[PDB]
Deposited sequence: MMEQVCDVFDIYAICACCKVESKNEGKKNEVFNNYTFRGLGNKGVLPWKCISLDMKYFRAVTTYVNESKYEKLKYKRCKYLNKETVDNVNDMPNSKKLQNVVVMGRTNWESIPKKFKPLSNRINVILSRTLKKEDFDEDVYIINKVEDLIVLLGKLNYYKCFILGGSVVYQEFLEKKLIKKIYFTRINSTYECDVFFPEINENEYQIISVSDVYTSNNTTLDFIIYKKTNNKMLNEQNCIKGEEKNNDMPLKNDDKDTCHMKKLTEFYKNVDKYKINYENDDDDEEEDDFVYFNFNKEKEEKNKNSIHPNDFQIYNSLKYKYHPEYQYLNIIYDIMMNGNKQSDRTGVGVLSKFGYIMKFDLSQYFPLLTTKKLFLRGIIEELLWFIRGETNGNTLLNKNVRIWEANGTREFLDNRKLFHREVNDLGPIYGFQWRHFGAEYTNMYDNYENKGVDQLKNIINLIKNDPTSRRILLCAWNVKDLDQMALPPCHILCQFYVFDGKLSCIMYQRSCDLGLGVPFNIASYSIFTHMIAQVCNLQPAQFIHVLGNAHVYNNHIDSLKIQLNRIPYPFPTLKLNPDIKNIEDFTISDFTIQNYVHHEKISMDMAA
């Protein structure tokens, strides 16, 4: 195959184009009015230069050998191929592309029409003849859409280096629909922010050593890894959603079978999400945030009245407030939906005597939420900046003891990080919401303290997958994450108590379709 002999690759960047359904074809915008749809995305410029300039002299020998064999026979550079329209779009000061052998496809222009150190070729076949005559490492097709269409059509592309630009622009030219039977995603990068958009980089592919063994001399759950074909097919799984999906995989393959309803469990994990780069709302199924933002606002108001959330059509706590649920807790003297001294009460009134959900607890008990905001502002190197919901004295009065034990804060160089320790983690249903809740809370605390958010760090104690979620989670693990969305806060909010639901916007959420974790 000519793409394998001559190492022909495509590299492109695609944005989104003007109950949405998402698929890989979501990312297809290439151009508008003969230029790019976006103003500079500097990180993609940096990636593009690194990929198209990188050469490995030690691997050249084998490539020269392979091409000589196939053909019957100063510094090494890559070849870059551009359509004439692409070429004319590039600013003069960037042309010819530095440290690369520049090739232009044109019928209307000939070598006499160019001042620059470029090769002009007038048909695809003449590129292959040219590649036979040059010393080069790899050949990158740089676009635009006519050039990509014809090279993909002729199966002349070994891999596509595809930048997913997670923002929407006016486009008039599009990357061709990639045929799923001809090209497979094999690698996915980390998620980044550049020039007020998130993006990632994916790769489509055409469809002492003895001592390691010795140390390995001493190396289950009716899970069939051929149930995880796509998941196990990927080479590089660098997208941060894989911190979650890898824990699911680990519990399924290595988990302990336990009772209450079956689970598989393991003990002790950590996930870290870079909130400066993305908002980690899972993309491998559809999540909604209205409920968990109302929950957080209800916590911050210090409320324990389940009816407040129910009147907003938020049902997160409904089951924990029923007559039957409260009586099974021995809370015979608790009104329905009076959840007792749970999160909000502990955050604003730790150590106060709970009475009922209607009482006015003003200036009763410890306002640890106000205290941690004061420590972050006035004593940011403190190792005591903890917010703790696990009030040992009050546990049996709560509808149930908190899962989210504590949040600890860390301030360095004007940036806020947060650790949340979770004693009990429902990986299939609860953890995706819990990541989103404490990520939003970190943003709120950072803003009211005039800081930038850095990391949300999630520590999982008892980490379990319900046996009833296994089939749904096998479906999810075989989906490839999309670049994450971004969270916007109203910058006018200066105090933790002053946020309302319209002060939060999730932008550029691209996701696979919703999953029922339990299939009735």
Stretches with no C-alpha atoms in the model, relative to the deposited sequence starting at 1 = 1-3, 22-28, 84-95, 230-285, 298-303, 345-347, 608
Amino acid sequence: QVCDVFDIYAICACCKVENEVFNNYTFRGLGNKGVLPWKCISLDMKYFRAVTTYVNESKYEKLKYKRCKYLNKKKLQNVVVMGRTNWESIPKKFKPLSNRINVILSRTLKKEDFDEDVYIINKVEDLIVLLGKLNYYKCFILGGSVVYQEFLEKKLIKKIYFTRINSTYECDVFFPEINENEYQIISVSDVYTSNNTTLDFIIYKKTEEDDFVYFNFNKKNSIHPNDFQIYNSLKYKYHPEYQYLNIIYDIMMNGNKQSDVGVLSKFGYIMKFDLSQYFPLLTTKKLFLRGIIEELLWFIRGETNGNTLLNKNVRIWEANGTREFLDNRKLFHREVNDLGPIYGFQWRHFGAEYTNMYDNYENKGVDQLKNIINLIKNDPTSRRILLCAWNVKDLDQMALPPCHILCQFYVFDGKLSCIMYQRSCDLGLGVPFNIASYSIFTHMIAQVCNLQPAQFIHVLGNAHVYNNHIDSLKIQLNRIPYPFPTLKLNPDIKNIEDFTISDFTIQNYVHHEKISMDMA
From here on, numbers count along this sequence of modelled residues.
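Here the rigid core means the biggest group of C-alpha atoms that line up within 1.5 Å when the two forms are laid on top of each other.
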ask   = Out of 112-120 and 419-427, which shows the greater rigid core-aligned C-alpha deviation in 8 other deposited structures of this protein?
value = 112-120
note = Of 241-249 and 87-95, the one with the larger RMS C-alpha deviation from the shown form in 8 other deposited structures of this protein, core-superposed, is 87-95
task = Can you check if, in at least a third of the other PDB entries compared, residue 75 has no modelled coordinates?
result = yes
ask   = Between 417-425 and 311-319, which has the larger average Cα B-factor in the PDB entry?
value = 311-319
key: Mean C-alpha B-factor comparison - 166-174 and 429-437, higher one   = 166-174
query = Considering only 160, 97, 223, 139, which residue's Cα atom bears the greatest B-factor as recorded?
reply = 223
request  = Specify which of 278, 204, 228, 350 carries the largest Cα B factor in the deposited PDB entry.
outcome  = 228
task = Within this chain's modelled residues, let me know which third the CA B factor of residue 461 belongs to: lowest, middle or highest.
result = lowest
key: For residue 299, the third of its chain into which the C-alpha B factor falls   = middle
query = Taking the entry's C-alpha B-factors for this chain, is residue 344 in the lowest, middle or highest third?
reply = middle
note = Entry-reported C-alpha B-factor of residue 200 relative to its chain, by third, is lowest
ask   = Among the modelled residues of its chain, does the C-alpha B-factor of residue 483 lie in the lowest, middle or highest third?
value = middle
